[PDB]
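Worksheet: one structure, shown below.
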Amino acid sequence: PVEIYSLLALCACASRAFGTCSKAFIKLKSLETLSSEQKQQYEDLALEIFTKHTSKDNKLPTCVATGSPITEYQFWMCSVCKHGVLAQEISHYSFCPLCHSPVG
Amino acid sequence: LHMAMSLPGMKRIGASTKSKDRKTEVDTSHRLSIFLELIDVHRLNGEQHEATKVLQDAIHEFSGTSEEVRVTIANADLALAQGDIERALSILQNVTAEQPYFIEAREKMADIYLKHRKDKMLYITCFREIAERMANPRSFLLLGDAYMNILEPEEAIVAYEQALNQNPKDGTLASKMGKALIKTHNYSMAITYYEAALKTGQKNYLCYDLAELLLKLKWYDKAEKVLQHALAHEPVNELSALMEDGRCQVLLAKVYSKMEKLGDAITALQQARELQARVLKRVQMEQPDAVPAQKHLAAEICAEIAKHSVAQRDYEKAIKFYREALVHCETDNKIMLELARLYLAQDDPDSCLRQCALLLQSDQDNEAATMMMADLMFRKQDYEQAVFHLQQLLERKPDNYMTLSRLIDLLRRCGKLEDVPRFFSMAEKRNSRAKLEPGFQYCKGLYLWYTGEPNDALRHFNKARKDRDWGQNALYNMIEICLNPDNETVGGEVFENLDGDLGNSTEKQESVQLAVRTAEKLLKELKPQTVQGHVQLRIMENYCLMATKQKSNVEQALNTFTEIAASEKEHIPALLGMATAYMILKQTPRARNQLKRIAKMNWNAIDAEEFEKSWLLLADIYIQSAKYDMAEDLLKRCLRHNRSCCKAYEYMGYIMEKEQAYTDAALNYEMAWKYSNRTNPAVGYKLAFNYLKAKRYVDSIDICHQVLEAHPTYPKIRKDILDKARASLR
Amino acid sequence: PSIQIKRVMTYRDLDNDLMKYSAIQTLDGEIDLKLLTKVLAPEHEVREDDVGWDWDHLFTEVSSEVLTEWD
Ligand SMILES: [Zn+2]
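In structure tokens form, the structure reads like this:
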């Protein structure tokens, strides 16, 4: 969880998603596998971030190529990994991005 | 448990056991605990059928009782044992609000939804039903905790507010409000809520919370005002009021320390000390629980008083207050370390050694205690045993790196760097990724720099510049390397006059400009935290200005160094900087007088490199003024305090040349040539010449070959040395 | 190669990385996120080229790298 939510918080900070950034530090601090010094570091960094800026912010199958949900009903599907890729990004890959099996 | 079965009343509670002994009757909860423990033990024993039979016995017996729901929970647990999710869900769904332990059953419902099916909406609706069926603050707080677990802070805050509205004051619940508001990082509304609370009929606990919050995000004045308003209460003898006043006084002292009022902080800490003394007197009989906590708080108060006295340079009262704090709590390693550090500061080796021995008895590794004891006994010049202590600590804990760094420094001052790499061996043995550890990288860079390969040492340092702890020291070392890579005497002119034409290469000036630019870029990376850090940053910025070789910049650095020296008395780095500024600007007599003053003070374990630079520059001045005797004395001093100072050995070789001590000059030049990693062809030239004069032709030829391999174009060596040595072989 | 050339190359190499990764290393240029960037990975480590992953060759590669890593 620590890597997941640190990456999520970093993405939120780099993408101006401070609501998700706060939702990320909440879980990051609440994680039980962290040292007290590490908790203090996370709390101090969150304090600096949220004094700088406001904390308040502004299932379907998932495309392997770009993580966006596959809205369209007709979509390219892999023959092995059983995970689809959008019709606008199928032609770019000569093998399935998830499993590197041949496209087709 | 089977013997417990035979206990009276442990068979069908309510079977008309007319013993007329309704004082030792088996409590229903106790009996259910016995049965559940037996079921769990049998399940661990593999008797699944027997455990199920006992569970059925419990269900049959306790039907219609308050504890019966718990049994069903255990039954649901059995389903979780069997993996039948739907069976457990139905069993817990049978639980209704009227029955006791309903909250536990529905919480288990929610946990099963969350862990297995991961239905966040169902996980929410479980606690929503809990809140709706029992409108109590407990249910609403549980719902808020659920939302915080699903990471929906806004609805969690709404639920918390509903909880604190169901009971308007509720005491502790109000404080929970603030913590919730402080956890979701909604700081502005948290401040408003604290102000609203404080405005009416609330006790100073919310005052403490608001003061802590204001301190956290840097509004010192408002925190001080709130603390003073809350502390204006009369000195009530109530114990709780005493503890509240003590903690508020401590926090106000921290506020004053933050906003730079030392005397007020000390007065507040003294008042807190008196309050804590009263608390310690009362609690030993009035509250058995708080005795260790109050003792530790008193120890912390005394430690803070002593630290601020140190900040005021009142060392005796600092020692007294550390002794008081240690009396309050003897197991505080940090206070012991601070006391040892002050004992070292007061130049009292005996007390520091005693504290180090006590701390090492308390804990064998205690890296910092090893640091202080090793430094103390290095002051005794017992190099071998201090190296032994550091080596034993490193061989016991190869992961340690700061100990490794201090070992590298001690070995460099001992001139025994050859043993450095082997440690790396087991440093690499413990972890295959140990080469990626910032501490190991920093130590490797330090070793490479001390052996005389600045570029690769700088590259190794680079990988440690991003460390949380090693970053600052790594940046310092990169700045030092870039500003002056050749490790020559800044402002010295004993050899600069000998380098009249060699320094005319424009590539040297371009490299100097590039290094200065890189150092200025690195300066922005540094983030000083204390006043000492800012002083160090200013000192090295002044050094960077000096390296720019701009007369206006040099004079500005001179003025800044003079101001810093006036600000901090007897500051060795400032004295060295201002003396170098006088030297470069040709204010030579002023530099001579300043270095005469500097040499009077004694060497210390913190400013060793500044001391060495000062002594080297003074030796430069003396040699320029033909004062060979005292220059020789100072150079011997510098070599005594460090056994691998290449410049000192080169100066000694030059001195022995001036007296035609060809053997001694050859030895010194050889040592300098070895420790410089043969990157200075001029030193090799001098060394080969000294061998040639001493009639040692083969060694002269060897050194000439080494120099020419290092630099095939280095002139005046083929004929003036090599050819003459070759002609004199027979 | 000239020693000054080596020094210049080292200085340029050191200067490169800071401005290379300042884009995501810091927020707005004043807040340093070194605490959160520690979980990221090197650029080249997250580059994958579109090549078929047959079981045998992939297994041999991962086995070899595991054996090299394992000790
Ligand atoms: Zn696929």
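Chains as they are written, first to last, in the deposited numbering: chain A, 1064 to 1121, 1136 to 1181; chain D, 586 to 1315; chain F, 122 to 192. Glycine included, every Cβ here is placed at the ideal spot set by N, Cα and C.
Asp-948 (chain D) in three-state terms, based on DSSP: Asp-948 (chain D): coil per DSSP, three-state reduction.
- [ ] With DSSP as the reference, please indicate the residues paired to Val-1162 (chain A) in a beta bridge.
- [x] In the DSSP output, where bridge partners are listed per residue, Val-1162 (chain A) has A:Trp-1153.
- Message: Whether or not the segment 1081 to 1096 of chain D and the segment 140 to 159 of chain F are in contact is what I'm after, with contact meaning three or more pairs of Cβ atoms, one per stretch, closer than 8 Å; do they touch?
- Response: Cβ pair count under 8 Å is below three, so no.
*Continuous beta strand (DSSP E) assignments of at least 3 residues falling wholly in the segment 1132 to 1184 of chain D*: Correct list: empty.
Residue closest to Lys-1185 (chain D), alpha-carbon to alpha-carbon, out of D:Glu-1194, D:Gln-1209 and D:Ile-1157
Comparing Cα-Cα distances from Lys-1185 (chain D) to each of D:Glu-1194, D:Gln-1209 and D:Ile-1157, the minimum goes to D:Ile-1157.
Subject >> Beta-carbon contacts of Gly-1030 (chain D) that lie in its chain and below 6 Å, excluding the five residues immediately before and after >> reply: Counting only Cβ-Cβ distances below 6 Å, and skipping sequence neighbours, we find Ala-1042, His-1045 and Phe-1046.
Check: Ends of the alpha helix (DSSP H) at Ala-1080 (chain A)?
Finding: Segment: none, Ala-1080 (chain A) is in no alpha helix (DSSP H) and carries neither H nor E.
Rounded Cβ spacing between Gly-1161 (chain A) and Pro-1179 (chain A) (contact assumed at less than 8 Å) | Actually they are not in contact, since the Cβ atoms of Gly-1161 (chain A) and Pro-1179 (chain A) sit about 16 Å apart, beyond 8 Å.
Neighbour list for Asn-771 (chain D) in chain A, Cβ cutoff strictly below 7 Å: Within chain A, the residues near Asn-771 (chain D) are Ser-1118.
Review point. Quick one: what's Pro-1179 (chain A) bridged to in DSSP?
Key: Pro-1179 (chain A) is bridged to A:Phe-1172.
| field | Beta-carbon proximity check, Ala-1166 (chain D) vs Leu-1201 (chain D), cutoff 8 Å | value | No, the Cβ-Cβ distance between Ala-1166 (chain D) and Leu-1201 (chain D) is not below 8 Å.
Take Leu-728 (chain D) and list the residues in its own chain whose beta-carbon comes closer than 6 Å to its own, dropping the five residues that flank it on each side. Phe-712, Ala-716 and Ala-744, listed in sequence order.
Which parts of the segment 927 to 976 of chain D are runs of the alpha helix (DSSP H), unbroken and 4 residues or longer, counting only runs that do not cross its ends?
Inside the segment 927 to 976 of chain D, DSSP marks whole alpha helix (DSSP H) runs of 4 or more residues at positions 934 to 947 and 952 to 964, from first to last along the chain.
*Relative to ligand 1, is the shortest distance from any of its heavy atoms to the C-beta of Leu-1175 (chain A) smaller than 7 Å?*
Yes.
Task: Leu-1108 (chain A): contacting residues in chain F (beta-carbon distance under 7 Å) - done: Ordered by position in chain F, the residues that pass the 7 Å Cβ test against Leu-1108 (chain A) are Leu-156.
Contact check, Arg-1228 (chain D) vs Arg-998 (chain D), beta carbons under 8 Å: Yes. Within cutoff.
*asked:* Using C-beta distances below 7 Å, list every residue in its chain close to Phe-1088 (chain A), excluding the 5 sequence neighbours before and after it, in chain order.
replied: Excluding residues within five positions, the ones whose Cβ falls inside 7 Å are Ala-1072, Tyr-1105 and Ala-1109.
task: Measure the CB-CB distance between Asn-918 (chain D) and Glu-952 (chain D) and report whether it falls below 8 Å.
output: The Cβ atoms of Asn-918 (chain D) and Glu-952 (chain D) lie no closer than 8 Å to each other.
Worksheet item: Is the Cβ of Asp-149 (chain F) closer than 8 Å to any Cβ of chain D?
Response: So, not an interface residue.
**Item:** Supposed contact pair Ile-1149 (chain D) and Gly-1076 (chain D) - C-beta distance, whole angstroms, cut 8 Å
**Value:** Contact between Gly-1076 (chain D) and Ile-1149 (chain D) is ruled out by a C-beta separation of about 18 Å, above the 8 Å threshold.
* Tell me which same chain residues have a C-beta within less than 7 Å of the C-beta of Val-172 (chain F), skipping the five on either side of it? -> Within the same chain, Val-172 (chain F) has no close Cβ partners at all.
Please report the Cβ distance between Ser-1199 (chain D) and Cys-1231 (chain D), rounded to the nearest whole angstrom; I am assuming they are in contact, meaning their Cβ atoms lie under 8 Å. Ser-1199 (chain D) to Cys-1231 (chain D), Cβ: 17 Å. No contact.
With H, G and I counted as helix, E and B as strand and the rest as coil, what does DSSP make of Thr-1091 (chain D)? Residue state, collapsed to three classes: helix.
* To do: Kindly indicate the opening and closing residues of the alpha helix (DSSP H) around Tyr-805 (chain D).
  => First-last of the alpha helix (DSSP H) with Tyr-805 (chain D): 805 to 816.
Determine whether the Cβ of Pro-1146 (chain A) lies closer than 8 Å to any Cβ atom of chain F. It does not; no Cβ of chain F falls within 8 Å.
Under 7 Å between beta-carbons, which chain A residues line up against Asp-171 (chain F)? List them in chain order, please. Listed along the chain, the chain A residues whose CB falls inside 7 Å of the CB of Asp-171 (chain F) are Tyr-1170, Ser-1171 and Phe-1172.
Practice item. State yes or no: is the C-beta of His-1169 (chain A) nearer than 7 Å to some heavy atom of ligand 3? Key: Ligand 3 is not among the ligands present in this structure, which contains only ligand 1.
message: With H, G and I counted as helix, E and B as strand and the rest as coil, what does DSSP make of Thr-1139 (chain A)?
response: Reduced to three states, the DSSP call for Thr-1139 (chain A) is strand.
According to DSSP, is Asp-625 (chain D) part of a helix, a strand, or is it coil? Of the three classes helix, strand and coil, the one that applies to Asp-625 (chain D) here is helix, per DSSP.
query: Any residues in the segment 749 to 782 of chain D with a beta carbon nearer than 9 Å to a beta carbon of chain A? Which ones, in chain order?
result: Legend: CB atoms of the segment 749 to 782 of chain D lying less than 9 Å from CB atoms of chain A belong to residues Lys-768, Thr-769, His-770, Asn-771, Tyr-772 and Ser-773.
Quiz item: Is the shortest distance between the beta-carbon of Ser-1156 (chain A) and the beta-carbons of chain D less than 8 Å?
Solution: Proximity of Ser-1156 (chain A) to chain D, defined by a Cβ-Cβ separation below 8 Å, is not satisfied.
Check: Across which residues does DSSP place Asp-153 (chain F) in a beta bridge pair?
Finding: Looking at the DSSP output, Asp-153 (chain F) shares a beta bridge with F:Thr-147.
DSSP state of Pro-1146 (chain A) mapped onto helix, strand, coil:
Collapsing the DSSP output to three states places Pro-1146 (chain A) in a strand.
Q.
Using CA atoms only, rank isn't needed, just tell me which of D:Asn-660, D:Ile-1240, D:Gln-667 and D:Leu-699 is closest to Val-680 (chain D).
A. When only C-alpha atoms are compared, the closest one is D:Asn-660.
Discussion item. Counting only Cβ pairs nearer than 7 Å, list the residues of chain A close to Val-160 (chain F).
Written reply: In chain order: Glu-1066, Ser-1069 and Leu-1070.
Checking contacts by CB at 8 Å: is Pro-1179 (chain A) closer than that to chain F? At a cut-off of 8 Å between C-beta atoms, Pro-1179 (chain A) counts as an interface residue with respect to chain F.
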